[PDB]
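J.: Structure supplied as query-v3.cif; contents: mmCIF, C-alpha atoms.
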data_upload
loop_
_atom_site.group_PDB
_atom_site.id
_atom_site.type_symbol
_atom_site.label_atom_id
_atom_site.label_comp_id
_atom_site.auth_asym_id
_atom_site.auth_seq_id
_atom_site.Cartn_x
_atom_site.Cartn_y
_atom_site.Cartn_z
ATOM 1 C CA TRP Q 1 -74.956 56.367 -5.929
ATOM 2 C CA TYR Q 2 -76.190 52.808 -6.364
ATOM 3 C CA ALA Q 3 -72.748 51.339 -7.035
ATOM 4 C CA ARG Q 4 -71.399 53.103 -3.934
ATOM 5 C CA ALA Q 5 -74.250 52.300 -1.532
ATOM 6 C CA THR Q 6 -74.254 48.665 -2.652
ATOM 7 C CA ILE Q 7 -70.484 48.293 -2.154
ATOM 8 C CA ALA Q 8 -70.792 50.038 1.199
ATOM 9 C CA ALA Q 9 -73.558 47.561 2.059
ATOM 10 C CA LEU Q 10 -71.633 44.521 0.833
ATOM 11 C CA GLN Q 11 -68.467 45.466 2.741
ATOM 12 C CA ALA Q 12 -70.365 46.425 5.906
ATOM 13 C CA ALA Q 13 -72.015 43.013 6.309
ATOM 14 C CA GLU Q 14 -70.597 39.665 7.462
ATOM 15 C CA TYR Q 15 -70.988 36.382 5.565
ATOM 16 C CA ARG Q 16 -71.942 33.093 7.234
ATOM 17 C CA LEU Q 17 -70.992 30.057 5.133
ATOM 18 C CA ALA Q 18 -73.646 27.398 4.659
ATOM 19 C CA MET Q 19 -72.879 23.824 3.729
ATOM 20 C CA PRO Q 20 -70.949 24.136 0.447
ATOM 21 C CA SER Q 21 -72.300 22.729 -2.787
ATOM 22 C CA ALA Q 22 -71.506 19.168 -3.850
ATOM 23 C CA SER Q 23 -69.229 20.683 -6.477
ATOM 24 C CA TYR Q 24 -67.184 22.597 -3.874
ATOM 25 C CA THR Q 25 -66.782 19.603 -1.558
ATOM 26 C CA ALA Q 26 -65.681 17.428 -4.482
ATOM 27 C CA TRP Q 27 -63.052 20.043 -5.308
ATOM 28 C CA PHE Q 28 -62.022 20.419 -1.653
ATOM 29 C CA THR Q 29 -61.749 16.637 -1.228
ATOM 30 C CA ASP Q 30 -59.159 16.375 -3.990
ATOM 31 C CA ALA Q 31 -57.394 19.598 -3.003
ATOM 32 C CA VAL Q 32 -57.122 18.750 0.724
ATOM 33 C CA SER Q 33 -59.026 15.830 2.262
ATOM 34 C CA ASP Q 34 -57.720 12.993 0.057
ATOM 35 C CA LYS Q 35 -54.161 14.180 0.655
ATOM 36 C CA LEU Q 36 -54.781 14.227 4.421
ATOM 37 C CA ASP Q 37 -56.068 10.656 4.163
ATOM 38 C CA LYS Q 38 -52.850 9.616 2.416
ATOM 39 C CA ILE Q 39 -50.681 11.517 4.902
ATOM 40 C CA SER Q 40 -52.517 9.855 7.801
ATOM 41 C CA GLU Q 41 -52.074 6.391 6.220
ATOM 42 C CA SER Q 42 -48.380 6.966 5.541
ATOM 43 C CA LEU Q 43 -47.823 8.267 9.080
ATOM 44 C CA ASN Q 44 -49.750 5.404 10.703
ATOM 45 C CA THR Q 45 -47.617 2.978 8.677
ATOM 46 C CA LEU Q 46 -44.476 4.668 10.017
ATOM 47 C CA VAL Q 47 -45.771 4.640 13.607
ATOM 48 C CA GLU Q 48 -46.715 0.962 13.354
ATOM 49 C CA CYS Q 49 -43.319 0.042 11.921
ATOM 50 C CA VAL Q 50 -41.538 1.896 14.752
ATOM 51 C CA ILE Q 51 -43.761 0.282 17.377
ATOM 52 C CA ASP Q 52 -43.134 -3.145 15.867
ATOM 53 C CA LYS Q 53 -39.388 -2.525 15.961
ATOM 54 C CA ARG Q 54 -39.694 -1.900 19.697
ATOM 55 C CA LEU Q 55 -41.968 -4.930 20.299
ATOM 56 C CA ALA Q 56 -40.573 -7.640 17.971
ATOM 57 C CA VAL Q 57 -38.635 -10.543 19.509
ATOM 58 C CA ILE I 1 -82.194 45.957 -17.125
ATOM 59 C CA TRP I 2 -79.432 48.209 -15.802
ATOM 60 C CA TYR I 3 -79.873 46.639 -12.354
ATOM 61 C CA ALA I 4 -77.895 43.558 -13.436
ATOM 62 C CA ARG I 5 -74.811 45.340 -14.809
ATOM 63 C CA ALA I 6 -74.256 47.737 -11.885
ATOM 64 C CA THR I 7 -74.934 44.974 -9.335
ATOM 65 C CA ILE I 8 -72.338 42.602 -10.809
ATOM 66 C CA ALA I 9 -70.005 45.606 -10.835
ATOM 67 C CA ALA I 10 -70.727 46.305 -7.168
ATOM 68 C CA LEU I 11 -70.348 42.622 -6.250
ATOM 69 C CA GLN I 12 -66.946 42.255 -7.962
ATOM 70 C CA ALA I 13 -65.628 45.533 -6.502
ATOM 71 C CA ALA I 14 -66.556 44.594 -2.928
ATOM 72 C CA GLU I 15 -64.599 42.403 -0.503
ATOM 73 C CA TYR I 16 -66.329 39.878 1.756
ATOM 74 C CA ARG I 17 -65.665 39.407 5.475
ATOM 75 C CA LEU I 18 -66.395 35.892 6.729
ATOM 76 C CA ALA I 19 -68.324 35.575 9.965
ATOM 77 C CA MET I 20 -68.289 32.437 12.050
ATOM 78 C CA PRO I 21 -69.553 29.713 9.665
ATOM 79 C CA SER I 22 -72.899 27.965 10.175
ATOM 80 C CA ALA I 23 -73.115 24.850 12.332
ATOM 81 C CA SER I 24 -73.602 22.947 9.070
ATOM 82 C CA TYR I 25 -70.387 24.241 7.461
ATOM 83 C CA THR I 26 -68.368 23.785 10.649
ATOM 84 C CA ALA I 27 -69.516 20.175 11.041
ATOM 85 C CA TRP I 28 -68.549 19.496 7.416
ATOM 86 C CA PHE I 29 -65.206 21.277 7.874
ATOM 87 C CA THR I 30 -64.520 19.366 11.112
ATOM 88 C CA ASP I 31 -64.916 16.088 9.228
ATOM 89 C CA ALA I 32 -62.977 17.195 6.137
ATOM 90 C CA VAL I 33 -60.008 18.773 7.993
ATOM 91 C CA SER I 34 -60.028 19.168 11.760
ATOM 92 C CA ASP I 35 -60.740 15.554 12.794
ATOM 93 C CA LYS I 36 -58.050 14.316 10.401
ATOM 94 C CA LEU I 37 -55.521 16.799 11.818
ATOM 95 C CA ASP I 38 -56.322 15.482 15.303
ATOM 96 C CA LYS I 39 -55.611 11.898 14.215
ATOM 97 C CA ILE I 40 -52.408 12.990 12.450
ATOM 98 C CA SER I 41 -51.320 14.947 15.544
ATOM 99 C CA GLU I 42 -52.142 12.045 17.866
ATOM 100 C CA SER I 43 -50.260 9.683 15.554
ATOM 101 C CA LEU I 44 -47.151 11.883 15.557
ATOM 102 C CA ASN I 45 -47.357 12.113 19.375
ATOM 103 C CA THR I 46 -47.395 8.311 19.398
ATOM 104 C CA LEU I 47 -44.345 8.217 17.123
ATOM 105 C CA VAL I 48 -42.453 10.788 19.204
ATOM 106 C CA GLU I 49 -43.173 9.259 22.625
ATOM 107 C CA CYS I 50 -42.297 5.763 21.406
ATOM 108 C CA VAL I 51 -39.046 6.982 19.812
ATOM 109 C CA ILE I 52 -38.084 9.405 22.603
ATOM 110 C CA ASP I 53 -39.502 7.793 25.757
ATOM 111 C CA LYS I 54 -40.298 4.153 24.813
ATOM 112 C CA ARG I 55 -43.836 4.708 26.121
ATOM 113 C CA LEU I 56 -47.318 4.861 24.622
ATOM 114 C CA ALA I 57 -48.737 8.330 23.992
ATOM 115 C CA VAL I 58 -52.084 8.708 25.731
ATOM 116 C CA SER I 59 -54.989 11.115 25.235
ATOM 117 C CA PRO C 1 -94.612 45.181 -5.705
ATOM 118 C CA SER C 2 -96.171 43.031 -8.420
ATOM 119 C CA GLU C 3 -95.429 39.351 -8.823
ATOM 120 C CA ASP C 4 -93.880 40.234 -12.173
ATOM 121 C CA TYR C 5 -91.550 42.639 -10.399
ATOM 122 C CA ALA C 6 -90.809 39.939 -7.812
ATOM 123 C CA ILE C 7 -89.871 37.451 -10.539
ATOM 124 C CA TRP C 8 -87.647 39.909 -12.379
ATOM 125 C CA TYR C 9 -85.889 40.884 -9.137
ATOM 126 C CA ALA C 10 -85.267 37.259 -8.162
ATOM 127 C CA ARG C 11 -83.950 36.342 -11.605
ATOM 128 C CA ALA C 12 -81.845 39.493 -11.948
ATOM 129 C CA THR C 13 -80.369 39.251 -8.444
ATOM 130 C CA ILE C 14 -79.532 35.540 -8.667
ATOM 131 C CA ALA C 15 -77.966 36.032 -12.105
ATOM 132 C CA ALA C 16 -75.822 38.915 -10.826
ATOM 133 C CA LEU C 17 -74.742 36.964 -7.740
ATOM 134 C CA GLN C 18 -73.631 33.941 -9.760
ATOM 135 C CA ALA C 19 -72.018 36.030 -12.495
ATOM 136 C CA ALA C 20 -69.748 37.801 -10.013
ATOM 137 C CA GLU C 21 -66.735 36.438 -8.139
ATOM 138 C CA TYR C 22 -65.985 37.003 -4.469
ATOM 139 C CA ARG C 23 -62.742 38.478 -3.133
ATOM 140 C CA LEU C 24 -62.334 37.577 0.557
ATOM 141 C CA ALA C 25 -61.401 40.348 2.992
ATOM 142 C CA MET C 26 -59.615 39.855 6.277
ATOM 143 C CA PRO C 27 -62.082 37.533 8.037
ATOM 144 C CA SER C 28 -63.951 38.704 11.105
ATOM 145 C CA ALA C 29 -62.310 38.053 14.451
ATOM 146 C CA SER C 30 -64.841 35.310 15.186
ATOM 147 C CA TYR C 31 -63.782 33.437 12.045
ATOM 148 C CA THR C 32 -60.022 33.799 12.549
ATOM 149 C CA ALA C 33 -60.354 32.723 16.186
ATOM 150 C CA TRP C 34 -62.438 29.708 15.133
ATOM 151 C CA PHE C 35 -60.035 28.878 12.266
ATOM 152 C CA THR C 36 -57.078 29.063 14.680
ATOM 153 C CA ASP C 37 -58.679 26.441 16.935
ATOM 154 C CA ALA C 38 -59.894 24.392 13.953
ATOM 155 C CA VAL C 39 -56.629 24.374 11.989
ATOM 156 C CA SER C 40 -53.674 26.578 12.973
ATOM 157 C CA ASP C 41 -53.206 25.363 16.561
ATOM 158 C CA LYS C 42 -53.262 21.756 15.371
ATOM 159 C CA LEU C 43 -50.582 22.511 12.769
ATOM 160 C CA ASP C 44 -48.457 24.080 15.541
ATOM 161 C CA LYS C 45 -48.627 20.907 17.652
ATOM 162 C CA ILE C 46 -47.765 18.779 14.609
ATOM 163 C CA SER C 47 -44.858 21.122 13.843
ATOM 164 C CA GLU C 48 -43.610 21.045 17.442
ATOM 165 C CA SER C 49 -43.773 17.234 17.551
ATOM 166 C CA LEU C 50 -41.682 17.053 14.378
ATOM 167 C CA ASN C 51 -39.116 19.491 15.832
ATOM 168 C CA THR C 52 -38.682 17.232 18.868
ATOM 169 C CA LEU C 53 -38.257 14.252 16.504
ATOM 170 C CA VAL C 54 -35.666 16.059 14.369
ATOM 171 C CA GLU C 55 -33.787 17.303 17.438
ATOM 172 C CA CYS C 56 -33.577 13.774 18.844
ATOM 173 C CA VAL C 57 -32.620 12.100 15.559
ATOM 174 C CA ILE C 58 -29.905 14.698 14.931
ATOM 175 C CA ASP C 59 -28.695 14.526 18.538
ATOM 176 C CA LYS C 60 -28.383 10.712 18.656
ATOM 177 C CA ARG C 61 -25.795 11.239 15.905
ATOM 178 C CA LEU C 62 -23.678 12.869 18.666
ATOM 179 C CA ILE P 1 -90.822 47.124 1.875
ATOM 180 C CA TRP P 2 -90.797 43.496 0.628
ATOM 181 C CA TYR P 3 -87.108 43.792 -0.168
ATOM 182 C CA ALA P 4 -85.251 41.965 2.587
ATOM 183 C CA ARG P 5 -87.333 38.878 2.325
ATOM 184 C CA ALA P 6 -86.804 38.661 -1.402
ATOM 185 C CA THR P 7 -83.138 39.521 -1.090
ATOM 186 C CA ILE P 8 -82.503 36.812 1.507
ATOM 187 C CA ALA P 9 -84.166 34.246 -0.760
ATOM 188 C CA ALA P 10 -82.056 35.323 -3.749
ATOM 189 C CA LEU P 11 -78.794 35.381 -1.766
ATOM 190 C CA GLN P 12 -79.489 31.839 -0.522
ATOM 191 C CA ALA P 13 -80.649 30.621 -3.934
ATOM 192 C CA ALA P 14 -77.328 31.554 -5.518
ATOM 193 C CA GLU P 15 -74.010 29.753 -5.172
ATOM 194 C CA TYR P 16 -70.812 31.751 -4.792
ATOM 195 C CA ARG P 17 -67.612 31.364 -6.805
ATOM 196 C CA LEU P 18 -64.575 32.527 -4.833
ATOM 197 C CA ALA P 19 -62.022 34.706 -6.582
ATOM 198 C CA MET P 20 -58.421 35.459 -5.703
ATOM 199 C CA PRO P 21 -58.588 36.625 -2.037
ATOM 200 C CA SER P 22 -57.533 40.094 -0.945
ATOM 201 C CA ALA P 23 -53.976 40.842 0.126
ATOM 202 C CA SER P 24 -55.122 41.035 3.745
ATOM 203 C CA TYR P 25 -56.634 37.549 3.496
ATOM 204 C CA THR P 26 -53.601 35.929 1.871
ATOM 205 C CA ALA P 27 -51.214 37.682 4.256
ATOM 206 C CA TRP P 28 -53.379 36.280 7.077
ATOM 207 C CA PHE P 29 -53.747 32.818 5.528
ATOM 208 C CA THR P 30 -49.994 32.612 4.955
ATOM 209 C CA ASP P 31 -49.364 33.105 8.673
ATOM 210 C CA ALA P 32 -52.246 30.848 9.707
ATOM 211 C CA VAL P 33 -51.509 27.905 7.377
ATOM 212 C CA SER P 34 -48.823 28.042 4.687
ATOM 213 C CA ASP P 35 -45.876 29.127 6.885
ATOM 214 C CA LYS P 36 -46.611 26.164 9.150
ATOM 215 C CA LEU P 37 -46.760 23.759 6.193
ATOM 216 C CA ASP P 38 -43.344 25.038 5.175
ATOM 217 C CA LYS P 39 -41.953 24.370 8.627
ATOM 218 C CA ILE P 40 -43.531 20.890 8.657
ATOM 219 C CA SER P 41 -42.132 20.239 5.171
ATOM 220 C CA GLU P 42 -38.660 21.432 6.185
ATOM 221 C CA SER P 43 -38.617 19.172 9.264
ATOM 222 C CA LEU P 44 -39.709 16.137 7.215
ATOM 223 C CA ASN P 45 -36.994 16.737 4.635
ATOM 224 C CA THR P 46 -34.377 16.973 7.393
ATOM 225 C CA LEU P 47 -35.613 13.574 8.643
ATOM 226 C CA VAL P 48 -35.423 12.157 5.126
ATOM 227 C CA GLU P 49 -31.893 13.596 4.806
ATOM 228 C CA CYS P 50 -30.765 11.821 7.976
ATOM 229 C CA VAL P 51 -32.297 8.453 7.092
ATOM 230 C CA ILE P 52 -30.855 8.668 3.572
ATOM 231 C CA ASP P 53 -27.449 9.775 4.841
ATOM 232 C CA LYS P 54 -27.237 6.798 7.204
ATOM 233 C CA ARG P 55 -28.216 4.513 4.305
ATOM 234 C CA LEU P 56 -25.334 5.830 2.167
ATOM 235 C CA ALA P 57 -22.760 5.485 4.937
ATOM 236 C CA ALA G 1 -80.063 55.735 1.245
ATOM 237 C CA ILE G 2 -80.446 55.102 4.977
ATOM 238 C CA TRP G 3 -83.159 52.504 4.356
ATOM 239 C CA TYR G 4 -81.257 50.857 1.497
ATOM 240 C CA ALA G 5 -78.112 50.399 3.588
ATOM 241 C CA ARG G 6 -80.231 49.181 6.518
ATOM 242 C CA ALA G 7 -82.319 46.579 4.699
ATOM 243 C CA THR G 8 -79.584 45.362 2.349
ATOM 244 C CA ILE G 9 -77.126 44.823 5.216
ATOM 245 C CA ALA G 10 -79.873 43.150 7.248
ATOM 246 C CA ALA G 11 -80.527 40.779 4.346
ATOM 247 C CA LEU G 12 -76.829 40.008 3.761
ATOM 248 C CA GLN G 13 -76.264 39.077 7.396
ATOM 249 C CA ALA G 14 -79.474 37.044 7.683
ATOM 250 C CA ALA G 15 -78.621 34.863 4.667
ATOM 251 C CA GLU G 16 -76.099 32.015 4.490
ATOM 252 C CA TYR G 17 -73.771 31.473 1.550
ATOM 253 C CA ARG G 18 -73.283 28.210 -0.353
ATOM 254 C CA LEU G 19 -69.872 27.936 -2.010
ATOM 255 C CA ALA G 20 -69.771 26.954 -5.681
ATOM 256 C CA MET G 21 -66.761 25.455 -7.360
ATOM 257 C CA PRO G 22 -64.163 28.221 -6.836
ATOM 258 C CA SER G 23 -62.702 30.133 -9.750
ATOM 259 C CA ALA G 24 -59.495 28.941 -11.393
ATOM 260 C CA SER G 25 -57.982 32.118 -9.919
ATOM 261 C CA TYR G 26 -58.785 30.926 -6.387
ATOM 262 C CA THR G 27 -57.726 27.319 -6.945
ATOM 263 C CA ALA G 28 -54.443 28.528 -8.463
ATOM 264 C CA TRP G 29 -53.722 30.501 -5.300
ATOM 265 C CA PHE G 30 -54.982 27.722 -2.987
ATOM 266 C CA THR G 31 -52.822 25.152 -4.807
ATOM 267 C CA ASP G 32 -49.701 27.241 -4.130
ATOM 268 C CA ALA G 33 -50.860 28.027 -0.606
ATOM 269 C CA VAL G 34 -51.882 24.509 0.476
ATOM 270 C CA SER G 35 -52.185 21.642 -2.004
ATOM 271 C CA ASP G 36 -48.639 21.765 -3.409
ATOM 272 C CA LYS G 37 -47.200 21.825 0.103
ATOM 273 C CA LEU G 38 -49.454 18.885 1.020
ATOM 274 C CA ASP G 39 -48.042 17.053 -2.009
ATOM 275 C CA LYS G 40 -44.480 17.749 -0.927
ATOM 276 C CA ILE G 41 -45.199 16.666 2.656
ATOM 277 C CA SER G 42 -46.768 13.418 1.458
ATOM 278 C CA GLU G 43 -43.807 12.706 -0.842
ATOM 279 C CA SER G 44 -41.276 13.261 1.979
ATOM 280 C CA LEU G 45 -43.347 11.229 4.435
ATOM 281 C CA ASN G 46 -43.631 8.420 1.878
ATOM 282 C CA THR G 47 -39.863 8.479 1.347
ATOM 283 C CA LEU G 48 -39.348 8.279 5.101
ATOM 284 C CA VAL G 49 -41.731 5.333 5.439
ATOM 285 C CA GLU G 50 -40.196 3.490 2.488
ATOM 286 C CA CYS G 51 -36.609 3.905 3.724
ATOM 287 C CA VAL G 52 -37.387 2.834 7.311
ATOM 288 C CA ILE G 53 -39.152 -0.201 5.868
ATOM 289 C CA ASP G 54 -36.255 -0.735 3.423
ATOM 290 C CA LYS G 55 -33.750 -0.879 6.289
ATOM 291 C CA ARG G 56 -35.994 -3.320 8.185
ATOM 292 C CA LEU G 57 -36.210 -5.591 5.122
ATOM 293 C CA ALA G 58 -32.594 -5.262 3.978
ATOM 294 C CA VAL G 59 -30.012 -8.093 3.472
#
Could you take the file, read its structure, and then write that structure out as structure tokens?
T.:
Amino acid sequence: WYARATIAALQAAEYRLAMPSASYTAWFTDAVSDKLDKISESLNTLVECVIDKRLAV
Amino acid sequence: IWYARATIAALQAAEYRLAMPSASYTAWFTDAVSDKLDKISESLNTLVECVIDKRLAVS
Amino acid sequence: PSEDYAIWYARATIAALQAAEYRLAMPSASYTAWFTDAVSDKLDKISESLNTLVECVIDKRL
Amino acid sequence: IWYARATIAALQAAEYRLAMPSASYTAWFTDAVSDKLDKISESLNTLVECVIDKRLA
Amino acid sequence: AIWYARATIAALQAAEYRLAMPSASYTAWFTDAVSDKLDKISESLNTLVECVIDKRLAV
């Protein structure tokens, strides 16, 4: 009965995420955020090169 | 005693439905993902409008 | 309940919670709607901008 | 009796290690994220193709 | 039974949940789902940048 009522309780509820641990954010940074930084930098380089091709004498 | 073994069992058997995250998580997530996507999107708009229209993309 | 019960419960519950792993269900509608605004819609705009770029680059080779 | 107060404190004292998500989650996440990454990736590679092809010709 | 469901669910929804380092099982899935595609996108973008710069700097 306990295993069932607990599972029923766990699946009935909703879960609000707090701030993640320092360990999670370190993992997420390498998995996602650092890559986004590099993609932003690469893209801004490309934009600036294209703009400079339009503006250069 | 037995309360630890059956509880782990219940926890692993269950599935967990995320609610809206806390203001704290969302503010972290906005910095780690959403704000960067905005800058990337705005940069690609700039690229496109310069290449296509020879004008500056504006927000 | 006694303090000794309280301590056992806290230690047993925390140990069980950290021993287990958590399989995510379909998120609630509030989460998926938030995530769509936070992430998915921005990826769509990025994707659409690239499609316009590709279309124009390919076309100029007319 | 004293259960929900002690339970809340335990739930918030622990940290949570995510497992492989359910099939419903991954099916959802694929539509919400990964399918769009694939489309973005495909469009970038087409752009690389064109710029390379012009270089070779 | 009624009370247990009631107070346990009340507690679960009142608490907030701090993510640990995810399991290797989750990161393996998330790598396929996200991080590998981010890698590929970055590599293509970098190739595009380098070739547009290469043509600018050529001869």
J.: Which residues, named as in the file, does the PyMOL selection byres ((chain Q) within 12 of (chain C)) pick out? Answer as a ChimeraX atom specification.
T.: /Q:10-17,43
J.: Keeping only C-alpha atoms, write those residues as a short mmCIF file (atom, residue, chain, number, x, y, z; two decimals), in the frame of the given file.
T.:
data_model
loop_
_atom_site.label_atom_id
_atom_site.label_comp_id
_atom_site.auth_asym_id
_atom_site.auth_seq_id
_atom_site.Cartn_x
_atom_site.Cartn_y
_atom_site.Cartn_z
CA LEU Q 10 -71.63 44.52 0.83
CA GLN Q 11 -68.47 45.47 2.74
CA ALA Q 12 -70.36 46.42 5.91
CA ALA Q 13 -72.02 43.01 6.31
CA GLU Q 14 -70.60 39.66 7.46
CA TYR Q 15 -70.99 36.38 5.56
CA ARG Q 16 -71.94 33.09 7.23
CA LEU Q 17 -70.99 30.06 5.13
CA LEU Q 43 -47.82 8.27 9.08
#
J.: Please write as a VMD selection string the full residue list that the PyMOL selection byres ((chain C) within 10 of (chain P)) yields on this file.
T.: chain C and resid 1 6 to 7 9 to 27 32 35 to 36 39 to 41 43 to 44 46 to 55 57 to 58 61
J.: Tell me which of C:30, C:62, C:8, C:37 sits closest to chain I, counting all atoms listed in the file.
T.: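 Distance minimum relative to chain I lands on C:30.
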J.: My list of candidates is Q:19, Q:34, Q:8, Q:1. Which is closest to chain P when distances are computed with all atoms listed in the file?
T.: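 Among the listed residues, the smallest separation from chain P belongs to Q:19.
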J.: By how many Å are CA of residue 7 (chain G) and CA of residue 4 (chain P) apart?
T.: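 Taking CA of residue 7 (chain G) and CA of residue 4 (chain P), their separation equals 5.9 Å.
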J.: May I ask you to restore N, CA and C atoms in region 2-25 of chain Q and write the result as a CSV table (one decimal), in the frame of the given file?
T.:
chain,number,residue,atom,x,y,z
Q,2,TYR,N,-75.9,54.2,-6.6
Q,2,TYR,CA,-76.2,52.8,-6.4
Q,2,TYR,C,-74.9,52.0,-6.2
Q,3,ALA,N,-74.0,52.1,-7.1
Q,3,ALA,CA,-72.7,51.3,-7.0
Q,3,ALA,C,-72.1,51.5,-5.7
Q,4,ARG,N,-72.1,52.8,-5.2
Q,4,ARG,CA,-71.4,53.1,-3.9
Q,4,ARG,C,-72.2,52.5,-2.7
Q,5,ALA,N,-73.5,52.8,-2.7
Q,5,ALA,CA,-74.2,52.3,-1.5
Q,5,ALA,C,-74.3,50.8,-1.5
Q,6,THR,N,-74.3,50.1,-2.6
Q,6,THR,CA,-74.3,48.7,-2.7
Q,6,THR,C,-72.9,48.2,-2.1
Q,7,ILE,N,-71.8,48.7,-2.6
Q,7,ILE,CA,-70.5,48.3,-2.2
Q,7,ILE,C,-70.4,48.6,-0.7
Q,8,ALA,N,-70.8,49.7,-0.2
Q,8,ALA,CA,-70.8,50.0,1.2
Q,8,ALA,C,-71.6,49.0,2.0
Q,9,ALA,N,-72.7,48.6,1.4
Q,9,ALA,CA,-73.6,47.6,2.1
Q,9,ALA,C,-72.9,46.2,2.0
Q,10,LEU,N,-72.3,45.8,0.9
Q,10,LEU,CA,-71.6,44.5,0.8
Q,10,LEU,C,-70.4,44.4,1.8
Q,11,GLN,N,-69.7,45.5,1.9
Q,11,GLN,CA,-68.5,45.5,2.7
Q,11,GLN,C,-68.8,45.7,4.2
Q,12,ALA,N,-70.0,46.3,4.5
Q,12,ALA,CA,-70.4,46.4,5.9
Q,12,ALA,C,-70.8,45.1,6.5
Q,13,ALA,N,-71.4,44.2,5.8
Q,13,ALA,CA,-72.0,43.0,6.3
Q,13,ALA,C,-70.9,42.0,6.6
Q,14,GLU,N,-71.4,40.9,7.3
Q,14,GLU,CA,-70.6,39.7,7.5
Q,14,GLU,C,-71.3,38.5,6.7
Q,15,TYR,N,-70.5,37.5,6.4
Q,15,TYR,CA,-71.0,36.4,5.6
Q,15,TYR,C,-70.8,35.0,6.3
Q,16,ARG,N,-71.9,34.4,6.6
Q,16,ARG,CA,-71.9,33.1,7.2
Q,16,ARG,C,-72.0,32.0,6.2
Q,17,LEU,N,-71.0,31.1,6.1
Q,17,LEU,CA,-71.0,30.1,5.1
Q,17,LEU,C,-72.0,29.0,5.5
Q,18,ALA,N,-72.8,28.6,4.5
Q,18,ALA,CA,-73.6,27.4,4.7
Q,18,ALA,C,-72.8,26.2,4.3
Q,19,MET,N,-73.5,25.0,4.3
Q,19,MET,CA,-72.9,23.8,3.7
Q,19,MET,C,-72.5,24.1,2.3
Q,20,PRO,N,-71.3,23.8,1.8
Q,20,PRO,CA,-70.9,24.1,0.4
Q,20,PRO,C,-71.7,23.2,-0.5
Q,21,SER,N,-71.7,23.6,-1.8
Q,21,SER,CA,-72.3,22.7,-2.8
Q,21,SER,C,-71.5,21.4,-2.9
Q,22,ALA,N,-72.2,20.4,-3.6
Q,22,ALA,CA,-71.5,19.2,-3.8
Q,22,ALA,C,-70.3,19.4,-4.7
Q,23,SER,N,-70.4,20.4,-5.6
Q,23,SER,CA,-69.2,20.7,-6.5
Q,23,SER,C,-68.0,21.2,-5.7
Q,24,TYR,N,-68.3,22.1,-4.7
Q,24,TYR,CA,-67.2,22.6,-3.9
Q,24,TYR,C,-66.5,21.5,-3.1
Q,25,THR,N,-67.4,20.6,-2.4
Q,25,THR,CA,-66.8,19.6,-1.6
Q,25,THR,C,-66.0,18.6,-2.4
